[PDB]
Amino acid sequence: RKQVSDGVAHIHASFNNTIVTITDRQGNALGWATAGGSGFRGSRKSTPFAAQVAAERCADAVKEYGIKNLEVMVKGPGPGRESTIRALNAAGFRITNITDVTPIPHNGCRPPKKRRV
RNA sequence: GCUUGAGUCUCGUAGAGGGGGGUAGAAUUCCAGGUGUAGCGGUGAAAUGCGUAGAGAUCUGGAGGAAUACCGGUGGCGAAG
Ligand SMILES: [K+]
Ligand SMILES: [Mg+2]
Ligand SMILES: [Mg+2]
Ligand SMILES: [Mg+2]
Ligand SMILES: [Mg+2]
């Protein structure tokens, strides 16, 4: 058991799912939650409401650790990016700073072929 | 015979013009290790598929291949490609 100030939160917002992971600043996981685990299944997994409920669930699963004044980062283009941080703020965590990171390949490798629909 | 076409010499200017050799950063994949955990992925909707042997997530190190975000253009060079 530990009390931590300025813990780290990672949001992974895909188009088909959303993952929230709370780790120490050094990247050792303390807790995690998904919209898939929140009881949703299939298309509804992508709704921002599912992201918010997954965020609440992760906050509950991490409340034991005295996390406060948390620092969060968001990655991915999926919807509900702001819903997750809204849920985190409402959960009672003091939010100090937030950062955005998304990989940019600088013309690395060939992507898959366009989808004929 | 002549200098107006054509060509030679002196001084400068711009350019993804070509051939050879080095080197750098970002990203995907694989491998090893740390945290910890029951889902991940995909779709109109699903299923096939991957996960307790420890996945997906997150942090550290390594391997290898390919291509050069922004500048970037309404831009430039080449006989054309
Ligand atoms: K040349
Ligand atoms: Mg040149
Ligand atoms: Mg050259
Ligand atoms: Mg590992
Ligand atoms: Mg020309």
# chains A, B, ... in the order shown; residues from 1 in each chain; ligands from 1
>>> closest_atom_pairs(of="chain B", to="ligand 5", cutoff="10 Å", atoms="only C-alpha atoms (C1' of nucleotides) and all ligand atoms", output="Markdown table")
| residue | atom | partner | partner_atom_place_in_ligand_line | distance |
| --- | --- | --- | --- | --- |
| B:76 | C1' | ligand 5 | 1 (Mg) | 8.4 |
| B:77 | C1' | ligand 5 | 1 (Mg) | 7.0 |
| B:78 | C1' | ligand 5 | 1 (Mg) | 7.5 |
>>> residues_near_ligand(ligand="ligand 2", cutoff="9 Å", atoms="only C-alpha atoms (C1' of nucleotides) and all ligand atoms", output="PyMOL selection string")
chain B and resi 15+17-18+77
>>> write_last_selection(atoms="N, CA and C atoms (P, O5', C5', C4', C3', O3' and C1' of nucleotides)", output="PDB file, in the first residue's frame")
ATOM      1  P     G B  15      19.213  27.215 -54.496  1.00  0.00           P
ATOM      2  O5'   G B  15      18.719  26.016 -55.414  1.00  0.00           O
ATOM      3  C5'   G B  15      17.356  25.900 -55.779  1.00  0.00           C
ATOM      4  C4'   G B  15      17.165  24.854 -56.840  1.00  0.00           C
ATOM      5  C3'   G B  15      17.784  23.502 -56.547  1.00  0.00           C
ATOM      6  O3'   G B  15      16.995  22.717 -55.676  1.00  0.00           O
ATOM      7  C1'   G B  15      18.318  24.149 -58.749  1.00  0.00           C
ATOM      8  P     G B  17      17.646  19.103 -58.192  1.00  0.00           P
ATOM      9  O5'   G B  17      17.991  17.921 -59.203  1.00  0.00           O
ATOM     10  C5'   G B  17      17.029  17.414 -60.109  1.00  0.00           C
ATOM     11  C4'   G B  17      17.701  16.770 -61.289  1.00  0.00           C
ATOM     12  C3'   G B  17      18.568  15.559 -60.999  1.00  0.00           C
ATOM     13  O3'   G B  17      17.842  14.367 -60.743  1.00  0.00           O
ATOM     14  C1'   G B  17      19.720  17.022 -62.442  1.00  0.00           C
ATOM     15  P     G B  18      18.408  13.300 -59.680  1.00  0.00           P
ATOM     16  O5'   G B  18      19.663  12.654 -60.417  1.00  0.00           O
ATOM     17  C5'   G B  18      19.465  11.803 -61.535  1.00  0.00           C
ATOM     18  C4'   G B  18      20.754  11.244 -62.043  1.00  0.00           C
ATOM     19  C3'   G B  18      21.477  10.302 -61.098  1.00  0.00           C
ATOM     20  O3'   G B  18      21.027   8.955 -61.185  1.00  0.00           O
ATOM     21  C1'   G B  18      22.970  11.948 -61.918  1.00  0.00           C
ATOM     22  P     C B  77      13.806  25.643 -63.016  1.00  0.00           P
ATOM     23  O5'   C B  77      14.526  24.236 -62.868  1.00  0.00           O
ATOM     24  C5'   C B  77      15.891  24.162 -62.500  1.00  0.00           C
ATOM     25  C4'   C B  77      16.379  22.740 -62.494  1.00  0.00           C
ATOM     26  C3'   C B  77      16.267  21.995 -63.809  1.00  0.00           C
ATOM     27  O3'   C B  77      17.304  22.304 -64.715  1.00  0.00           O
ATOM     28  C1'   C B  77      15.436  20.641 -62.084  1.00  0.00           C
TER      29        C B  77
END
>>> select_by_dssp(residues="chain A", states="strand (DSSP E or B)", output="JSON, numbers by chain")
{"A": [5, 8, 9, 10, 11, 12, 13, 18, 19, 20, 21, 22, 23, 29, 30, 31, 32, 33, 34, 68, 70, 71, 72, 73, 74, 75, 95, 96, 97, 98, 99, 100]}
>>> interface_residues(of="chain A", to="chain B", cutoff="12 Å", atoms="only C-alpha atoms (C1' of nucleotides)", output="number ranges by chain")
A: 8-39, 41-44, 73, 75, 102-112, 117
>>> write_last_selection(atoms="C-alpha atoms", output="mmCIF file, in the first residue's frame")
data_model
loop_
_atom_site.group_PDB
_atom_site.id
_atom_site.type_symbol
_atom_site.label_atom_id
_atom_site.label_comp_id
_atom_site.auth_asym_id
_atom_site.auth_seq_id
_atom_site.Cartn_x
_atom_site.Cartn_y
_atom_site.Cartn_z
ATOM 1 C CA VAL A 8 0.163 9.223 -13.711
ATOM 2 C CA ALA A 9 -2.911 8.356 -15.760
ATOM 3 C CA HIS A 10 -2.859 7.144 -19.365
ATOM 4 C CA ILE A 11 -5.854 7.272 -21.696
ATOM 5 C CA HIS A 12 -5.738 5.073 -24.804
ATOM 6 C CA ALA A 13 -8.695 6.141 -26.957
ATOM 7 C CA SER A 14 -9.075 3.822 -29.924
ATOM 8 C CA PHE A 15 -12.054 3.983 -32.252
ATOM 9 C CA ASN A 16 -13.384 0.655 -30.957
ATOM 10 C CA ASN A 17 -12.399 0.793 -27.276
ATOM 11 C CA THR A 18 -10.998 2.975 -24.506
ATOM 12 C CA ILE A 19 -8.421 1.991 -21.883
ATOM 13 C CA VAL A 20 -7.506 3.869 -18.704
ATOM 14 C CA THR A 21 -4.380 2.944 -16.752
ATOM 15 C CA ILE A 22 -3.144 4.507 -13.509
ATOM 16 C CA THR A 23 0.560 3.975 -12.846
ATOM 17 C CA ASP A 24 3.286 5.536 -10.751
ATOM 18 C CA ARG A 25 5.389 8.202 -12.460
ATOM 19 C CA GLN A 26 7.874 5.441 -13.322
ATOM 20 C CA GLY A 27 5.312 3.356 -15.224
ATOM 21 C CA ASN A 28 4.534 0.523 -12.809
ATOM 22 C CA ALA A 29 0.820 -0.127 -13.138
ATOM 23 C CA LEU A 30 -1.405 0.465 -10.124
ATOM 24 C CA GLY A 31 -4.794 -0.072 -11.749
ATOM 25 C CA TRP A 32 -6.603 -0.194 -15.056
ATOM 26 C CA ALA A 33 -10.056 -0.360 -16.598
ATOM 27 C CA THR A 34 -11.678 -0.669 -20.015
ATOM 28 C CA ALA A 35 -15.024 0.117 -21.574
ATOM 29 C CA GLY A 36 -15.208 -3.544 -22.569
ATOM 30 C CA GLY A 37 -14.954 -4.660 -18.956
ATOM 31 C CA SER A 38 -17.618 -2.131 -17.941
ATOM 32 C CA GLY A 39 -20.319 -4.514 -19.196
ATOM 33 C CA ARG A 41 -19.980 -5.257 -25.620
ATOM 34 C CA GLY A 42 -19.643 -4.496 -29.307
ATOM 35 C CA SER A 43 -20.599 -1.157 -30.817
ATOM 36 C CA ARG A 44 -21.751 0.400 -27.539
ATOM 37 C CA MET A 73 -1.948 12.070 -20.572
ATOM 38 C CA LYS A 75 -3.248 9.180 -26.625
ATOM 39 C CA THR A 102 0.057 10.704 -30.463
ATOM 40 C CA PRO A 103 2.680 8.914 -32.579
ATOM 41 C CA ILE A 104 3.590 10.527 -35.892
ATOM 42 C CA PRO A 105 5.697 8.211 -38.090
ATOM 43 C CA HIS A 106 7.562 10.826 -40.181
ATOM 44 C CA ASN A 107 6.886 8.630 -43.248
ATOM 45 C CA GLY A 108 7.928 5.351 -41.697
ATOM 46 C CA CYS A 109 6.103 2.461 -43.334
ATOM 47 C CA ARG A 110 3.236 1.623 -45.646
ATOM 48 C CA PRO A 111 -0.264 1.666 -44.124
ATOM 49 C CA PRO A 112 -2.928 -0.867 -45.149
ATOM 50 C CA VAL A 117 -17.226 0.619 -48.718
#
>>> select_by_dssp(residues="stretch 19-65 of chain A", states="alpha helix (DSSP H)", output="JSON, numbers by chain")
{"A": [48, 49, 50, 51, 52, 53, 54, 55, 56, 57, 58, 59, 60, 61, 62]}
>>> atom_distance(atom1="atom CA of residue A:64", atom2="atom CA of residue A:90")
16.9 Å
>>> residues_around(residues="residue A:83", least_positions_apart="5", cutoff="10 Å", atoms="only C-alpha atoms (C1' of nucleotides)", output="list in words")
residues 47, 48, 49, 50, 51, 52, 53, 55, 88 and 89 of chain A
>>> decode(residues="stretch 46-59 of chain A", atoms="N, CA, C and O atoms", output="PDB file, in the first residue's frame")
ATOM      1  N   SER A  46     -17.915   1.820 -27.836  1.00  0.00           N
ATOM      2  CA  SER A  46     -17.262   3.016 -28.348  1.00  0.00           C
ATOM      3  C   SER A  46     -17.918   4.316 -27.904  1.00  0.00           C
ATOM      4  O   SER A  46     -17.419   5.389 -28.255  1.00  0.00           O
ATOM      5  N   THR A  47     -19.016   4.259 -27.157  1.00  0.00           N
ATOM      6  CA  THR A  47     -19.695   5.481 -26.757  1.00  0.00           C
ATOM      7  C   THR A  47     -18.902   6.212 -25.674  1.00  0.00           C
ATOM      8  O   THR A  47     -18.251   5.582 -24.838  1.00  0.00           O
ATOM      9  N   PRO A  48     -18.941   7.547 -25.668  1.00  0.00           N
ATOM     10  CA  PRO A  48     -18.257   8.294 -24.600  1.00  0.00           C
ATOM     11  C   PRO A  48     -18.786   7.978 -23.217  1.00  0.00           C
ATOM     12  O   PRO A  48     -18.040   8.078 -22.235  1.00  0.00           O
ATOM     13  N   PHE A  49     -20.064   7.615 -23.111  1.00  0.00           N
ATOM     14  CA  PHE A  49     -20.615   7.203 -21.827  1.00  0.00           C
ATOM     15  C   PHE A  49     -19.868   5.996 -21.273  1.00  0.00           C
ATOM     16  O   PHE A  49     -19.572   5.933 -20.072  1.00  0.00           O
ATOM     17  N   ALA A  50     -19.558   5.026 -22.136  1.00  0.00           N
ATOM     18  CA  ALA A  50     -18.768   3.880 -21.704  1.00  0.00           C
ATOM     19  C   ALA A  50     -17.388   4.315 -21.233  1.00  0.00           C
ATOM     20  O   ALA A  50     -16.851   3.766 -20.264  1.00  0.00           O
ATOM     21  N   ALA A  51     -16.795   5.299 -21.910  1.00  0.00           N
ATOM     22  CA  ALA A  51     -15.509   5.820 -21.462  1.00  0.00           C
ATOM     23  C   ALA A  51     -15.622   6.419 -20.070  1.00  0.00           C
ATOM     24  O   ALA A  51     -14.767   6.183 -19.208  1.00  0.00           O
ATOM     25  N   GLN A  52     -16.683   7.184 -19.829  1.00  0.00           N
ATOM     26  CA  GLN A  52     -16.860   7.794 -18.520  1.00  0.00           C
ATOM     27  C   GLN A  52     -17.036   6.738 -17.436  1.00  0.00           C
ATOM     28  O   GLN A  52     -16.431   6.841 -16.362  1.00  0.00           O
ATOM     29  N   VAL A  53     -17.837   5.704 -17.702  1.00  0.00           N
ATOM     30  CA  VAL A  53     -18.059   4.688 -16.675  1.00  0.00           C
ATOM     31  C   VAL A  53     -16.789   3.880 -16.429  1.00  0.00           C
ATOM     32  O   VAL A  53     -16.498   3.494 -15.290  1.00  0.00           O
ATOM     33  N   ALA A  54     -16.008   3.614 -17.479  1.00  0.00           N
ATOM     34  CA  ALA A  54     -14.733   2.934 -17.285  1.00  0.00           C
ATOM     35  C   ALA A  54     -13.788   3.784 -16.451  1.00  0.00           C
ATOM     36  O   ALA A  54     -13.056   3.262 -15.600  1.00  0.00           O
ATOM     37  N   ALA A  55     -13.785   5.098 -16.685  1.00  0.00           N
ATOM     38  CA  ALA A  55     -12.960   5.990 -15.877  1.00  0.00           C
ATOM     39  C   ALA A  55     -13.383   5.963 -14.414  1.00  0.00           C
ATOM     40  O   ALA A  55     -12.535   5.918 -13.515  1.00  0.00           O
ATOM     41  N   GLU A  56     -14.693   5.989 -14.158  1.00  0.00           N
ATOM     42  CA  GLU A  56     -15.170   5.909 -12.779  1.00  0.00           C
ATOM     43  C   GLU A  56     -14.745   4.596 -12.137  1.00  0.00           C
ATOM     44  O   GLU A  56     -14.308   4.567 -10.980  1.00  0.00           O
ATOM     45  N   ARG A  57     -14.881   3.491 -12.875  1.00  0.00           N
ATOM     46  CA  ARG A  57     -14.487   2.187 -12.349  1.00  0.00           C
ATOM     47  C   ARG A  57     -13.006   2.152 -12.002  1.00  0.00           C
ATOM     48  O   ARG A  57     -12.616   1.619 -10.958  1.00  0.00           O
ATOM     49  N   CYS A  58     -12.159   2.694 -12.878  1.00  0.00           N
ATOM     50  CA  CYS A  58     -10.729   2.721 -12.587  1.00  0.00           C
ATOM     51  C   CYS A  58     -10.435   3.580 -11.365  1.00  0.00           C
ATOM     52  O   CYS A  58      -9.596   3.222 -10.527  1.00  0.00           O
ATOM     53  N   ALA A  59     -11.111   4.725 -11.252  1.00  0.00           N
ATOM     54  CA  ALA A  59     -10.931   5.571 -10.079  1.00  0.00           C
ATOM     55  C   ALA A  59     -11.294   4.819  -8.808  1.00  0.00           C
ATOM     56  O   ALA A  59     -10.602   4.930  -7.791  1.00  0.00           O
TER      57      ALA A  59
END
